[PDB]
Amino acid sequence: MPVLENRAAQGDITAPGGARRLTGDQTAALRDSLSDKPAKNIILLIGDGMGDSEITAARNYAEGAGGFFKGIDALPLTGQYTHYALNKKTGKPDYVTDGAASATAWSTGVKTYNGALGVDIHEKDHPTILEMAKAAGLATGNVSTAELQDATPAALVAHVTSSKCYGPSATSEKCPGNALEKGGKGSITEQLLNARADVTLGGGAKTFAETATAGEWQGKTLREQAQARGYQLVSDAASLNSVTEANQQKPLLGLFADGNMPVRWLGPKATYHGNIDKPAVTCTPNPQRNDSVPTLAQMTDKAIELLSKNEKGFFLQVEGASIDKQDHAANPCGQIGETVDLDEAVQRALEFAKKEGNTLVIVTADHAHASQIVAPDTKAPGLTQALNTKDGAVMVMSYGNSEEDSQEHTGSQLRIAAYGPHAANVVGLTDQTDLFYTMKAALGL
């Protein structure tokens, strides 16, 4: 069970065979990649919106066309999975999912309607993979660059009828069957605190300033409630670093931003005819992203350091969330940079799994998104931008699917990749619900 140690172009891309990514026959190395033994641990990295177009754009920009991601591209067992949602009313396929339905699909193994967290079309709760791991005595972690109430982390720890039900105020008014004062389990935040994973790291500090409307902690802020229940609170990179354990007695909660955590790269918004009317853009670092905000990789390493102390095993989900968020924003530099943030975190996970030898690492996305790579001279009706790549060549990206100021998701099947025990369950055509069952079987749940 190796990783792909290198799959860049092997020489001159203008000569015969110098664009090859393979040195020799792969049959031998693939046989050695196929193990059916238990997974002691699972690390699931999700790139929100990170379909094949978004993977290719970021490789082309940051590593060159012939380049190779030392995390993202290093996982040997690849396939394509479908992530279609359901219409709540009919029960038939909705071909473009949101993040709540898609994340619910892998977390719970049941399809659902757009905006649903941990509930089916019938609005009934199902147990998540995190919840099942915790019941089994495994350590758990939920890490995201987004608000911890974002669809992607919330799907592991909350069951609500709409994904907008962050805190009491919104839950009371949009998920009244889930609201705490109507006898429901609570808001996404209140449920997150009931879920009590060992490590929970991301943004979303703001909704912890809400007070509970009922229950044991009525009048307490949710920040105060977390502390009342014995959670360790950390707010920055130095405090995250200094935590020495995390468990059911001292569960860790890192709140690293008010909303979403700040993206690493800056560049202009793509504009109508923007590849024709602007100079090619080079991305810079984001000079508002303070140095004390931990990166996705730093959060991953600390999570692995704490979780790997449970001898029975652990389950860890890590989301590179603002890939999607910038793809909505039509901001190529932000998008590509957040794909780089995810590559770094994959490397940490893959490095871990090489050493430990019984960990299953899975890298995929929740759905496909808007950005396409198009020709230098393309006259498109949407938002475009020319970019200066590592190859010293112009790449143009287009966002062509909305007139309203959010570039929208797409329905294409997209890459899923895996390394370690049970990776075979990712090859060929699968559905996102199969991913729940893959993880279940590998952990012995």
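One-based numbering along the sequence shown.
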305 to 313 versus 339 to 347: which one carries the higher mean Cα B factor per the record? 305 to 313
Can you tell me which stretch has the higher mean Cα B-factor, 351 to 359 or 140 to 148? 351 to 359
Out of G267, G320, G219, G202, highest CA B-factor residue: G219
Residue of maximum C-alpha B factor among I46, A417, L30, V394, per deposited coordinates: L30
Where the record places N425 (Cα B-factor, split into thirds across the chain): middle
Name the third of the chain's ranked CA B-factors that contains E210, choosing lowest, middle or highest. highest
Ranking the modelled residues of this chain by C-alpha B-factor as given in the entry, is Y113 in the lowest, middle or highest third? lowest
Can you tell me whether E403 has a C-alpha B-factor in the lowest, middle or highest third compared with the other modelled residues of the same chain? middle
Record-listed C-alpha B factor of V374: chain third: lowest
